[PDB]
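Working notes, beginning with the structure itself.
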Amino acid sequence: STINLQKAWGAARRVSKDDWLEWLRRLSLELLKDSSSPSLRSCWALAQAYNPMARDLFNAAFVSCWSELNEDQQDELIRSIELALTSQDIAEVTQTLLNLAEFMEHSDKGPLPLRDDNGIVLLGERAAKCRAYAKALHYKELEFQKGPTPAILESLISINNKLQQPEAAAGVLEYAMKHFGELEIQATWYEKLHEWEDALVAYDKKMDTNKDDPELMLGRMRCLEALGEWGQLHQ
Amino acid sequence: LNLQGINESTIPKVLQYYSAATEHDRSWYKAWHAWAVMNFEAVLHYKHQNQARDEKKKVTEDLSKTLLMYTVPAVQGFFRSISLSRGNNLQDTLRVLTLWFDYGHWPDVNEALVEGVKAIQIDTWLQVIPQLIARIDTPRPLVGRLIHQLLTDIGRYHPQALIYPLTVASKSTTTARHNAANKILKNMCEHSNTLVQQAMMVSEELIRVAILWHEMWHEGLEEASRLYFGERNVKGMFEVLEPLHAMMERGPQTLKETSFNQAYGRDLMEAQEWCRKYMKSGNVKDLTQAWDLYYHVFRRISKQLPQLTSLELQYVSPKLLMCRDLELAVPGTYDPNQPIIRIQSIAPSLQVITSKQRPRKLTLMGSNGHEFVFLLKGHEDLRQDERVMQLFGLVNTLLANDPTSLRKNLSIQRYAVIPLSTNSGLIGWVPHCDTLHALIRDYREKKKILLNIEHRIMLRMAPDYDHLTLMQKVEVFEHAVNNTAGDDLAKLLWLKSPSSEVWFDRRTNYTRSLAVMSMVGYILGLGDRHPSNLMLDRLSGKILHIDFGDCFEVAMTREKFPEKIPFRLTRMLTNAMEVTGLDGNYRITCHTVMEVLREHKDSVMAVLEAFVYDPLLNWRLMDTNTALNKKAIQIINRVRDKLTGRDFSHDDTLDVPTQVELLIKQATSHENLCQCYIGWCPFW
Amino acid sequence: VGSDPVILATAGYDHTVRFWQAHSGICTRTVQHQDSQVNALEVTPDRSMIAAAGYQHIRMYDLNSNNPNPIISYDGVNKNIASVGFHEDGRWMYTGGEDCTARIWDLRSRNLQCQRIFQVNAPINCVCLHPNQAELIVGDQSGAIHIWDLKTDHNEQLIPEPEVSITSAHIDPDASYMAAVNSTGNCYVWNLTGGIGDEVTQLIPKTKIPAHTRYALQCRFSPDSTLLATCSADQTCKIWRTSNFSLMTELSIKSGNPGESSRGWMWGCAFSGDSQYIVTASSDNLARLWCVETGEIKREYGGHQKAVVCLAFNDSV
Amino acid sequence: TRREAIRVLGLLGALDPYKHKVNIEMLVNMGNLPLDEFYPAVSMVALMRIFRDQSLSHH
């Protein structure tokens, strides 16, 4: 259970969904024999019979295997996690790979050191493609408590219309008034939250200073068709 | 009202203006609702005119003979609203009584109650049963004697929901109050002769389970000693001792009562003889032996107070062991449209909560195979805490018509308070819920952090924290906020949920359900609320509160720095809400509550006229004065001024978002948090 | 100690009151306090003793004799006595409580009670007094400056604006300007009127200056009627003048570290004889001697170990 | 079937879920016990999913 660890990690030969689902089953089989506790061995005889048995005890067999090696092949485990979801993203495979990074942070030993970033952008975009909106809000307080950059708060407005929580996105516009200013306020927030009354002053002060932007031209012409003023729109 | 208002010229105009709308549609509810409200406000306006222009019997007669003319629009306007209410009987029932509470000695009221009481359905007046008993001592032969006719009509259907307010009526203090209650109890024994004699046996023995014999002698000595030693009491000390001297005539019957006889029953009867050696002159040596015996038994009682963890019911009250197969149903949940659910028996052993105020956590046995857990208290105040329980359901009733309130789906849980006596009661314990004192204090040992680690450093900074001035309590506040972290309470929720979809829902339910009583308690006037009264659901995350019994200047009477803090603004309640700012789940949550609590005037002005005018509950205004006419007008004045929102500037009427903004920066800044008591703990 | 015309005393939280000298750098002695705090410090103008006031006690120390003892302790008044007022030579004494009372005390009387009671509707924050017992200026929490007379009770109630919280009040010896700084930072400037035998004192609104943003602590005029300082809690102080209101020197004790805050505030200020030196008390346990015009570090005394709120200052030469 | 079932479900109209609701364990025990006591207390948790009515008839 030591020499054979360097075989099923760096494969990178997965094309069809049979192979992508066959890798995780033998990975769950490999995680069983490394643990010194005898409770993990009894499920190895049942894993050959029951086929979803890989989706039963993969959380408990991960920490007992990660905390056993002598701090040398853990980076190979990180590279095996990171190179598994690079290309050809299957949805349940990404669900399994995000469930591997779930059991660790409930303990008192710290979260997993994936990418030396604790898994913010890499698994969050995969959960956003798999429509996990409860998982998309977990790294938001990771991004907020590690330095507010202007590429954070513009992504939470796109995960609120399909969440149908308008009060969570309504506490965003007044947050930038007394903390951020005026230069960081765009017309993206007024479009997805379905209002077109107070933003017309912003479209007039934005489109008259610079040239006629095409996206702002498409957004300006909705001000007459969403409120019911079809007289000026025909002109 | 927008142009002129109320004067002596628009009163006969609006009568014609509403009787024009009345004659078209008779089945239209508002023609007998709004016209009835317009008739009801005229009596209160005339009373305010009399008390503000004349008083501050020659004017009383000119008021009464004028109200005799305005009676025929007033009394008959409500009964058509109660024959067509169909669900909202919280307003149409009491308004024919409050005038009857004031001027019920009239023959017009006598002929008016014939067509209303004898021509109403039975499913309307099944909710006003405990409220119509507390007016038993009326000297008028017409007002105080209609209840004996009313219980004949009420008691014909559903007799199971009647004895729970009738039990506390036969245990009154003076003589003339409980004689009519004994007459009521003799009148109630004409149906089956099964429920009264067994319900008394259940109630008195559960009171015997609730309080013990040796528990009351603790405060019975602590009062009767300290009054005589500190406040110069002579005759009131015997008045304190005389309920204890009027107890030992029944005699011991059981094993615990025999243990009390062999443990203490030798000097309790004898010490009265020492009192008989005190009444002749007032000597010292003829009484200090009784003080020696009292101080000897006080320590022997106090040594057995940590030795009360689990008890068996055969020692204290084995009267629930002889005969079985009763009909005692579940108290509080008796619905007329649901089948009855009876209780088989009582559990022999039950876990008892040990605390400072000595509660009990009792259980019952249902008929479906499920347990029912209740809280049992004693020597406290809950007669004022049960008058705020009926207003917890009418909010959920009122939020079921406006489409903004339907999109939030409020789930405000409630229960029913069962009265036991003037000092003890039964609290409905909501199962699978918890306070936050058991979460943080068990989570604090998980990260190797002791309790006072934020406190002792302040003792390094300023050991006179309860003695500083106003300007010197400014820098000491933010030392536990800026230095220490605040994401500790947000992780203990993460260590409980199995997934993240339920987790964010429960964490946001922790926040969206605290701003629904923060303004209702602002109307009611809450203050000095320790977090052990919080009630958090450990399955869904709902916010409830208990112990509402210090409102209306009672919380602003004490001298140990009385705070002006309506809702909590510590770091826990701030960092529990997530990182979008401070108005995400607070401003939009308060956007909905304001209209549904503002324009429903008939429901918000139908509850506070009951317990304030209750003569058994005015004593909370007695605790302010170390009379009632000056205070009772100003209470409703303050209620109206908080409902209109004209509390700070009295020039204009502010709208909804400005009034929401007024309840933000009044507790955000630090001038109101440093005028607080040490028990509030702003460093948490 | 008693022969020093520049008297400077600093009190802390560890029951220590220390007298500091000007140009020597030698600590004289310490004064032990009994289980409470001292809220106000003021040198009596007789150049013999010093008065103080704290929680549930009013005591006075000595300047000539080392390690004195309390002889007469006027008690009976509780609940955070903060504001003090004294005679121009050291005869009368006035304490300010929060119970809406204006007590009149004496150092040579017999009764241990007050003389008369003036009732208001708000707790008293600041007390200002004329040196010959003429008028009384009372600041409150609600924002109503009261001018009161000792023998006729001519009330003058002035409400500038609701939702304010004033800090301190001061008047120049020329009796011509008055400044009121709230908790927000609005500096109300009022012009006086030279009425001695008539008590005219009709106030005129000169100029409102919102100088500071955060909370203020204390404002004080210059003895030469030239400058005006307003201490704030944002670790800086922008001193101004009277005539033209020009920014001369911004005394900034800020750190610049975003990961380390709450070092020390600008608690107390004291103008010198020619308005050149100033005494600065902070919470960093480093008593610095800043300058008015230049604004640099001259002397440094790390003697005290706890925070300092008030000081005692006298230039009785 | 697919092109007509959409017509059936769309010719009725829309529907709100708040009126529809009027008509109509795994990670908990680990939060109290440490990892040394959870590793024997998980295998039967991995064994009771076989004890749901399906996967017994062949093994």
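Note that chain C is numbered according to Swiss-Prot, with residues 8-324 shown in order.
Going by what the header records, the deposited coordinates were determined by electron microscopy, 4.9 Å.
Every residue, even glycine, has its Cβ placed from backbone N, Cα and C.
Summarising the annotation, Swiss-Prot assigns repeat 'WD 2' to C:40-80 and lists experimental evidence as the type of evidence. Residues of the repeat 'WD 2' (C:40-80) grouped by DSSP class, helix first, strand second and coil last, total 0 helix, 15 strand, 26 coil.
Here Swiss-Prot flags C:83-122 as repeat 'WD 3', drawing on experimental evidence. Outside the repeat 'WD 3' (C:83-122), and at least 6 residues removed from its termini, the chain residues within Cβ reach (under 8 Å) are 46-47, 49, 51-53, 55-56, 58, 60-63, 65, 128-136, 138-140, 143, 145, 155.
In the three-state DSSP scheme, C:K86 (SUMO3 cross-link) is classed as coil. The SUMO3 cross-link feature in Swiss-Prot is assigned to C:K86 (among others); the stated evidence is experimental evidence.
Positions annotated as repeat 'WD 4' by Swiss-Prot, on the basis of experimental evidence: C:126-165. Sequence-remote contacts of a segment are chain residues at least 6 beyond its ends whose Cβ falls under 8 Å from one of its Cβ atoms, and for the repeat 'WD 4' (C:126-165) they are 89-95, 99, 101, 103-109, 171-178, 180, 187, 189, 206, 208, 210.
Annotation comment: Swiss-Prot describes C:168-207 as repeat 'WD 5', evidence class experimental evidence. Under DSSP, the residues of the repeat 'WD 5' (C:168-207) split into helix, strand and coil as follows: 0 helix, 12 strand, 28 coil.
Other C-beta atoms found within 10 angstroms of the C-beta of C:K215 (SUMO3 cross-link) number 12, with every protein chain shown included. Swiss-Prot lists C:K215 (among others) with the feature SUMO3 cross-link.
According to Swiss-Prot, the repeat 'WD 6' annotation covers C:218-257, on the basis of experimental evidence. Under DSSP, the residues of the repeat 'WD 6' (C:218-257) split into helix, strand and coil as follows: 0 helix, 18 strand, 22 coil.
Note: C:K245 (SUMO3 cross-link) has non-local neighbours C:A218, C:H219, C:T237, C:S239, C:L254, C:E257, i.e. same-chain residues 6+ apart with C-beta under 8 A of its own C-beta. What Swiss-Prot records for C:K245 (among others) is SUMO3 cross-link, and it gives experimental evidence as the kind of evidence.
Residues annotated as SUMO3 cross-link in Swiss-Prot, with experimental evidence given as evidence: C:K261 (among others). Taking Cβ-Cβ distances under 8 Å and a sequence separation of 6 or more, the neighbours of C:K261 (SUMO3 cross-link) in its chain are C:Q242, C:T243.
Counting residues of the repeat 'WD 7' (C:268-309) by DSSP class, helix then strand then coil, yields 0 helix, 10 strand, 32 coil. Sequence annotations record features per position, and here Swiss-Prot assigns repeat 'WD 7' to C:268-309 based on experimental evidence.
Look at Swiss-Prot and you will find C:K305 (among others) tagged as SUMO3 cross-link. Cβ-based neighbour count (10 Å, all protein chains) for C:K305 (SUMO3 cross-link) stands at 10.
The ubiquitin cross-link annotation in Swiss-Prot covers C:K305 (among others) and rests on experimental evidence.
Neighbours of C:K313 (SUMO1 cross-link), defined as other CB atoms within 10 A of its CB across all chains, total 15. What Swiss-Prot records for C:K313 is SUMO1 cross-link, and it gives a curator's inference as the kind of evidence.
Annotated ubiquitin cross-link per Swiss-Prot: C:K313 (among others), in sequence order, evidence recorded as experimental evidence.
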Using DSSP with the three-state reduction, classify C:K261 (SUMO3 cross-link) as helix, strand or coil.
coil
Between C:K86 (SUMO3 cross-link) and C:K305 (SUMO3 cross-link): CA-CA distance (Å):
39
Give the residue counts of the repeat 'WD 4' (C:126-165) per reduced DSSP state, in the order helix, strand, coil.
0 helix, 20 strand, 20 coil
Same-chain residues at least 6 beyond the ends of the repeat 'WD 7' (C:268-309) whose Cβ lies under 8 Å from its Cβ atoms:
15, 17, 27, 32, 224-225, 227, 229-231, 233-234, 236, 238-240, 242-244, 246, 255-258, 260, 262, 315-318, 320, 322, 324
Could you give the Cα-Cα distance between C:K86 (SUMO3 cross-link) and C:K313 (SUMO1 cross-link), in whole Å?
23
What's the CA to CA span in angstrom from C:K215 (SUMO3 cross-link) over to C:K313 (SUMO1 cross-link)?
36
Within 10 angstroms of the C-beta of C:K86 (SUMO3 cross-link), the count of other C-beta atoms across all shown chains comes to 13
